[PDB]
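Q: Supplied in structure tokens, the structure appears directly below.
Every residue, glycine among them, receives a Cβ derived from its backbone with ideal geometry; neighbour counts consider all protein chains shown. Only the coordinates and a few stated rules stand behind these numbers; no lab work does.
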Amino acid sequence: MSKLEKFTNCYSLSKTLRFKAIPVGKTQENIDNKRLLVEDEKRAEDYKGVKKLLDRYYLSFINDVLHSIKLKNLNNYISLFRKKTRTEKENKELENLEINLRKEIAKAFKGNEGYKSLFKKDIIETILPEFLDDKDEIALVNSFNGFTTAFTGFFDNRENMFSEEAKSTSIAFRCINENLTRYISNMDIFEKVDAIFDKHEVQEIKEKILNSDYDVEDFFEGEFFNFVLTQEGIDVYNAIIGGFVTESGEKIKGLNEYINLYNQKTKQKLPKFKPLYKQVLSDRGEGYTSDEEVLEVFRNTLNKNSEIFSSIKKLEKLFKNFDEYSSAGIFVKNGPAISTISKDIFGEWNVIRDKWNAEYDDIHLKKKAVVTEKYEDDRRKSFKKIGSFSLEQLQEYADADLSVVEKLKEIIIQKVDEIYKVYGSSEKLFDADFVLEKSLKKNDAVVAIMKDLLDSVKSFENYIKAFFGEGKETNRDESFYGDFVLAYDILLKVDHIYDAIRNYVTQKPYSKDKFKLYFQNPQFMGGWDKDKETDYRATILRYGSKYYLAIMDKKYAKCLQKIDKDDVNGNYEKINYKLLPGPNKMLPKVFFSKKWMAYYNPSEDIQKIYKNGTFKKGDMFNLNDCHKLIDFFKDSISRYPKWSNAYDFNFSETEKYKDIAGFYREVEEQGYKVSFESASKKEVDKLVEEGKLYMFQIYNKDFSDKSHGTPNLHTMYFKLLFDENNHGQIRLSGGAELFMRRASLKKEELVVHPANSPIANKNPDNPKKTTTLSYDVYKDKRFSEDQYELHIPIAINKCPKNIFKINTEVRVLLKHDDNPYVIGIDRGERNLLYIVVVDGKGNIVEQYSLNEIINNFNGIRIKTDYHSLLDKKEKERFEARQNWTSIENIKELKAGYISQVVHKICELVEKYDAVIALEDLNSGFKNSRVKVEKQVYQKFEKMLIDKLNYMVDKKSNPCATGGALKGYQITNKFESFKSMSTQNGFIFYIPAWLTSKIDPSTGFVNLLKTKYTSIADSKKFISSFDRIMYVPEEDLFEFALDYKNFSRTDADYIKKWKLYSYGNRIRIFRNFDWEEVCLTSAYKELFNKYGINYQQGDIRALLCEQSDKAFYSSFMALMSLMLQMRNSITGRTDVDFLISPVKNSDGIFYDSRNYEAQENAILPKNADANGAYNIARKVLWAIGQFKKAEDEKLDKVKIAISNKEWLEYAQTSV
RNA sequence: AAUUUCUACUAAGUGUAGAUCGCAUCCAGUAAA
DNA sequence: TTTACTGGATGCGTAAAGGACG
DNA sequence: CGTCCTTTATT
Ligand SMILES: [Li+]
Ligand SMILES: [Li+]
């Protein structure tokens, strides 16, 4: 009935549910005494180490192959790639050449000796050990001798490199789809930029870069592409382009540099080269880790015995002996930091800059000018290229008897004596006996002591920095500077310790590092079938509503095998899980095996049928041969007790099958069963007691005795895994994983709200201002003791029955929906997101800013202003890094806001049966704080597309439409980013042009170019207006224009408009910088100022008779501001109004401000409400196109709306 | 201010609301020194 | 160059045949 | 030799 209601059971998707795993009984004590976790922790380190030994080998295997390959048909592939206009005759020949080009690379890899064993036991057991001749490395690899199955996943990732298919991970894809296309993109640039390369510059690269073995142009001929297959060959190629630095440190320039040097001197911009991407698997001061490290670093590098302290004591004597040195040879550097130096010596900041000019202007400002603005330019610029100031310059700035050299003596000594007074405050940090009472990151007292010391040492060091003077100065007193640079070069050492210590202290206090657990089983917990419990040694039990992960110790794999009790009232239940995974592989695997092919001797017609594939589609398809295959599989599935007894199959008549998939679907749909059997709880609780079984409660907060709310979505999915009403819509999958996450914090260090004291409640709208609990409330409690993590994959909609193209179906239903609502969703600098809901006639139903998320609980209203939370933490990091507190991450507060938004969007979708209109985002994000509005917006898009793959209403009965078992599927599988464009199910991606700056009542937009350009052009502007008069009845100036008399106005439909000088507008300065104009007085005052009388009717001739260009410049400034319909200010939160210069059919101008006040406005309330509304209306337009098309042509209807159709639409639907 | 985890919370108290696809790998990148 | 952090793209999400084995 | 690790099958 609703449009949504069609989109259930459309496609399969997979999700992972995460749970805490809580040990029960003596599990953890037995796990501890057997040192099982310690073994796994190390295995994790060895595993990452052994994979880097494998990649060392895989890289060597890749290289020798790719160094010894000559790809055939290179020239032909390039010739067809390099066609102006490509016809279908070689389009299909070229892509065959491109497919064949990759197969050539793949077939090289498989040909090599070792391709068989690269991803099998042998690579671990003998091949890799032979490759490494170090005995330590062979020891490390051989500790996986019983375990190579643990590498199965890693091996699959490495097979992806040797695929011939067109996927990012494939090596053949990196060479053919990526590196070759830029190699040829470079080819066509090089023969178009070749001229601009000097004789020697080409031979410069020849000798410095190319070995003198190859010519530069060789790398732009097709047949040398083979050189560039390897990383070594890519590193040479990219140097020809970007250059490289000699080890001496002087720079050799690449062709891209020569291009840019030429691009600057010739006024035009040449194209630049793309560099190649790296080849797959090429392997083309680090921070303190522990608290003790940081502390002994701090102690031994800043104490009075260290060299840094000697360097300060040495620099101190230098400044005390400042007058045994040449004042003409000591130089203080020139930066913006100088003004700090100026006030230290003279008592104010700009003595030094003021006295530089008084002497500078003295002969170099001419007497004429005295103070022309000419001089500001270059007296401000001649100041900043002066590189230093001698102490003899500074003293000429001084009057008797201020001696600059004794002031600097006193400033540094007052500065060295402060470092020494902070060392007293900190001396207890330097003791040998000193023991840290608390961890450093939570110890705010001890870090405050370091920062005071590292700050005072830094104040002094950055002060001393000024006295270097960047010289490279003609007569430095190298008596002074000799010792100075020594002391300063050591004093510079604090800049690494300062940053290294600060980075440790501001790391997040907790960690999420965790390692995989195997319980001494290389295929641990791989599946759930009853047959393999003993092989995988893991299974699921339950005691009523509570579920357990039960793990068999390696010594007792059968310890759960024969247990039963007759009543469950005192007992567990063990899962009975049976899965036949993937008939397409499993049925041939079994029935053609060496074990059974004899048993059901397949007709030689079947074996011939199966080898040649007459049962699959294409050239060799034969319908009766597929039915004859199914009957063999059908008959063999019976007489296979393991399948026939577990699943009672009920297939369709074989004649009714159209393709083999029709059969496999029925096998896959029915080849899954879950049930529970009884298990004596006494005879299992003792297995745990004895250490022969380990049991963990599968747990999140929803399983607590004190839990009463609506459950987490994922607890619902988990629970439904075993509900009788789950008829296959959610399957429990194999491939679970158990992890151990060591604690990262201690309870005694955690931030606490202690029991019985009142805690403030943070929502001011609730008159219960306080909460007082009888137990402690800890921050990050979950990270303060060890935690087991269980990750359980589930399969949703594994057998979809409602198969159709989602986009097509959405269009069909939209064509035949009498009243389809649309949700327009706008991105605003002003508002993170704005939302307008319209019905099928464009009537505004809802409009509001999603800046504040408003939530419902038990009569409580809470509004959470996510907008000001977001900016608070955005600058907090930049500002509060100085505070030296822990790193704030803003990515999780945006994700938090996004999840609040996504819930709100789906509630609107369901309430109004509504499609979504989204705004295309500008690729370039302009200053400043650009991901603040595009980060929330791009993340909102990914997150929303996700939820709409399986959209569940936790309140529905699970089996109701929209329930957890019958979730809505209104976006296509999020396989890629761009495979969808313009529409994805209920989501339409529509461009933003003229959605904001348009009159919603009329569709009027500004197509006029009103920047003042010349004196002459302003009178062609005024004469292209049909009339310009004063309407005394309205105190308005009317401008009758026909857009056809102005350039670039094709898109407009109405053409003829009458503009008025109605209302106020807002102006901005170019050098409060904004001021606010009222139009009718500016036109009146300007006409009075220049002797024009407005009341003299058609005044176009009158305006052009003016001779002063100031009138034209200030008149077009008004014809720019009258046309500016959107008014708001850089940073201005306050005013966002939209006002129009045009009247509507009923003779009324439009203010958003007329609508911002009322509760239920039929028009937008501000420029952001307007933008959302028009993004919605543009989708309405597309629905209109659907309604004019015929169902069979809906798929080809273009919904990307042009500026011409938009304006026609917006101007005619009123 | 608690969590499988994230965000915002704390109405009679070990929690509430919404969100949450994991693991492994490859590859593009942006910020800092 | 190095460190960190974030963006998309690939694979797996398996029972059973096959084999070694001390 | 029955236990345990490895390798297989591909809509
Ligand atoms: Li809840
Ligand atoms: Li708090």
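Q: What FRET efficiency comes out for the pair A:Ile1015/A:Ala1200, r = Cβ-Cβ distance, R0 = 51 Å, nearest 0.05?
A: Working: r = 42 Å, r/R0 = 0.83.
Computed FRET efficiency for A:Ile1015 and A:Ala1200 comes out at 0.75.
Q: What does the charge count around A:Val936 come to, taking other residues whose C-beta lies under 12 Å from its C-beta (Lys +1, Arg +1, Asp -1, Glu -1)?
A: Values: positive: A:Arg827, A:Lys891, A:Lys894, A:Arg929, A:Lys931, A:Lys934, A:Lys939, A:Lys942; negative: A:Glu829, A:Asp871, A:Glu874, A:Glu933, A:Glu941.
Taking every Cβ under 12 Å from that of A:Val936, the sum is +3.
Q: Quick one: order A:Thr1002, A:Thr1013 by neighbouring beta-carbon count within 10 Å, fewest to most. Present the calculation step by step, with values, prior to reporting the outcome.
A: Working: A:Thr1002 19, A:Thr1013 13.
Lowest to highest Cβ neighbour count: A:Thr1013, A:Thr1002.
Q: Run through the stretch A:963-1025 and list the chymotrypsin sites (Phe, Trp or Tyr not before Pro) located in a DSSP loop whose Cβ has at most 16 other Cβ atoms within 10 Å.
A: A:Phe974, A:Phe977
Q: Extension gain A:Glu749-A:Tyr1053, at 0.36 nm per residue separation less the Cα-Cα distance, in nm? It would help to have the intermediate numbers written out before the result.
A: Working: separation 304, 0.36 × 304 = 109.44 nm, distance 6.97 nm.
Using 0.36 nm per residue and subtracting the Cα-Cα distance, I get 102.5 nm.
Q: Okay, next question. Would you give the gap between the C-alpha center of the stretch A:40-81 and the C-alpha center of the stretch A:857-882, rounded to a whole Å?
A: When both Cα centres are located, 48 Å separates them.
Q: Output ³J(HN,Hα) for the stretch A:537-552: one whole-Hz value per residue in order, computed from phi by the Karplus curve 6.51 cos²θ - 1.76 cosθ + 1.60 with θ = phi - 60°, and x for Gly and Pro.
A: Residue by residue, the stretch A:537-552 yields 6, 9, 7, 10, 10, 8, 10, x, 7, 9, 10, 10, 8, 10, 10, 8 Hz.
Q: Expressed as a whole percent, how much of the Cα-Cα distance distribution for the stretch A:173-265 exceeds 24 Å? Working shown, then result.
A: On the way: 792 of 4278 pairs.
Looking at the stretch A:173-265, the distances longer than 24 Å represent 19 percent of pairs.
Q: Once the convex hull of the alpha carbons of the stretch A:583-670 is built, what does its volume come to per residue, in cubic angstrom?
A: 88 Å³
Q: Could I ask something else about it? Neighbouring Cβ atoms within 10 Å as the yardstick, rank A:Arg1065, A:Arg502, A:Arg82 fewest first. Don't skip to the end; give the middle numbers.
A: On the way: A:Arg1065 23, A:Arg502 18, A:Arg82 12.
Ordered by Cβ neighbours within 10 Å, fewest first: A:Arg82, A:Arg502, A:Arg1065.
Q: Over the stretch A:1047-1168, what number does the Rg to Rh ratio reach, with both radii from the alpha-carbon atoms and Rh per Kirkwood? All intermediate terms of the calculation are to be shown ahead of the outcome.
A: Working: Rg = 16.6 Å, Rh = 16.6 Å.
For the stretch A:1047-1168, the value is 1.00.
Q: So, one more: Tell me the GluC sites (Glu not before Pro) within the stretch A:288-378 that lie in a loop according to DSSP and have at most 14 other beta-carbon atoms within 10 Å.
A: On the way: sites: A:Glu292, A:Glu293, A:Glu296, A:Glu307, A:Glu316, A:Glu324, A:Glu348, A:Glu359, A:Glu373, A:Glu376; in loops: A:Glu348.
Loop-located and lightly packed - A:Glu348.
Q: Sticking with this structure for a sec: With +1 assigned to the C-beta of every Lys and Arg and -1 to the C-beta of every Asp and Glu, and no other charges, what is the dipole magnitude of the stretch A:116-181 about the Cα centre in debye, to the nearest 20?
A: Details: 7 positive and 12 negative charges, 45 e Å.
The dipole of the stretch A:116-181 has a size of about 220 debye.
Q: Using modelled backbone amide H atoms (1.01 Å from N, in-plane), which distant-in-sequence or interchain residues come within less than 5 Å of A:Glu737's amide H?
A: Distant-sequence amide H within range of A:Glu737: A:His791.
Q: Per residue of the stretch A:244-256, in order, report the coupling 6.51 cos²θ - 1.76 cosθ + 1.60 (Karplus, θ = phi - 60°) as ³J(HN,Hα) in whole Hz, putting x for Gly and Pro.
A: Coupling constants for the stretch A:244-256: 7, 9, 4, 5, 3, x, 8, 9, 8, 8, x, 4, 5 Hz.
Q: Provide the convex hull volume over Cα atoms per residue for the stretch A:242-371, in Å³. Display every interim value, and only then the final one.
A: Numbers: hull volume 43.9 nm³, N = 130.
Per residue, the Cα convex hull of the stretch A:242-371 comes to 338 Å³.
Q: How much net charge surrounds A:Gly728 when only the other residues with a Cβ under 14 Å from the Cβ of A:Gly728 are counted, with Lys and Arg +1 and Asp and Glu -1? The partial results should precede the final answer.
A: Numbers: positive: A:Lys578, A:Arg665, A:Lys673, A:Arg731, A:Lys798, A:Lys801, A:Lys966; negative: A:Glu666, A:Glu668, A:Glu669, A:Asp723, A:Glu724.
Here the count lands on +2.
Q: Within 10 Å of each residue's Cβ, count the other Cβ atoms and sort A:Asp32, A:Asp361 from fewest upward. Show your work: numbers first, answer last.
A: Details: A:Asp32 12, A:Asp361 15.
Lowest to highest Cβ neighbour count: A:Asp32, A:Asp361.
Q: Hey, another quick one. Could you point to the residue in A:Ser439, A:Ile490, A:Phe515 farthest towards the positive end of the stretch A:395-539's charge dipole, with +1 and -1 charges on the Cβ of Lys/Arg and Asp/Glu respectively?
A: Towards the positive end, the residue furthest out is A:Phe515.
Q: Round to a whole angstrom and tell me the spacing of the C-alpha centers of the stretch A:742-775 and the stretch A:306-339.
A: 53 Å
Q: Once phi is turned into θ = phi - 60°, what whole-Hz ³J(HN,Hα) does the Karplus curve with 6.51, -1.76 and 1.60 give for every residue of the stretch A:854-871, x standing for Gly and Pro?
A: 9, 10, 9, 8, 6, x, 5, 9, 10, 10, 10, 7, 5, 4, 7, 5, 5, 6
Q: Something else about it: Taking only Cα atoms of the stretch A:250-303, what ratio of Rg to Rh do you get with Rh as the Kirkwood inverse-distance radius?
A: Rg/Rh for the stretch A:250-303 comes to 1.43.
Q: Which pairs break 21 Å Cα to Cα here: A:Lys558/A:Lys578; A:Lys841/A:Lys911; A:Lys747/A:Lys768?
A: Exceeds cut-off: A:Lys747/A:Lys768.
Q: Please report the equivalent ellipsoid semi-axes of chain A, computed as sqrt(5 x eigenvalue) of the Cα gyration tensor, largest first, in whole Å. Could the numbers behind the result be given before it?
A: Working: eigenvalues 718, 477, 293 Å².
Each semi-axis is √(5λ); the values are 60, 49, 38 Å.
Q: What does the highest-first list of A:107-120, A:753-766 look like by mean Cβ count within 10 Å?
A: Details: A:107-120: 14.4, A:753-766: 10.9.
Peptide ranking by packing, descending: A:107-120, A:753-766.
Q: Further question: Which is farthest toward the positive dipole end of the stretch A:1058-1214 among A:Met1116, A:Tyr1173, A:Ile1183, measuring Cα position about the Cα centre, with Cβ charges +1 (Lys, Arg) and -1 (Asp, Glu)?
A: A:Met1116
Q: Okay, moving on. How much net charge surrounds A:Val435 when only the other residues with a Cβ under 14 Å from the Cβ of A:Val435 are counted, with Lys and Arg +1 and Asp and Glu -1? The partial results should precede the final answer.
A: Values: positive: A:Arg299, A:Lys428, A:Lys438; negative: A:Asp291, A:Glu292, A:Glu296, A:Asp431, A:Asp433, A:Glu437.
Neighbourhood net charge equals -3.
Q: Taking the Cα centroid of the stretch A:1000-1049 and of the stretch A:1065-1103, what is the distance between the two, rounded to the nearest whole Å?
A: Answer, in whole Å: 14.
Q: Treat every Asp and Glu Cβ in chain A as -1 and every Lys and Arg Cβ as +1, leave all other atoms uncharged, and give the resulting dipole magnitude about the Cα centre to the nearest 20 debye. Intermediate values should be presented prior to the final figure.
A: Details: 193 positive and 187 negative charges, 651 e Å.
Taking the Cα centre of chain A as origin, the dipole is about 3120 debye.
Q: Work out the charge dipole of the stretch A:35-170 with +1 on the Cβ of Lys and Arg and -1 on the Cβ of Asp and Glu about the Cα centre, then indicate which of A:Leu132, A:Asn96, A:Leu71 is farthest towards its positive end.
A: A:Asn96
Q: Between A:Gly329 and residues 5 or more places away or on another chain, which pairs have amide H atoms under 5 Å apart, with H built 1.01 Å from N, and which residues are they?
A: Here the answer is A:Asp477, since their amide H atoms fall under 5 Å of that of A:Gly329.
Q: Next up: Cα-based Rg (one decimal) and Dmax (whole number) for the stretch A:726-788, in Å?
A: Cα radius of gyration and Dmax of the stretch A:726-788 are 19.3, 51 Å respectively.
Q: Hey, another quick one. Report, by chain and number, residues whose modeled amide H sits under 5 Å from the one on A:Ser390, excluding near sequence neighbours (fewer than 5 apart, same chain).
A: A:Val332
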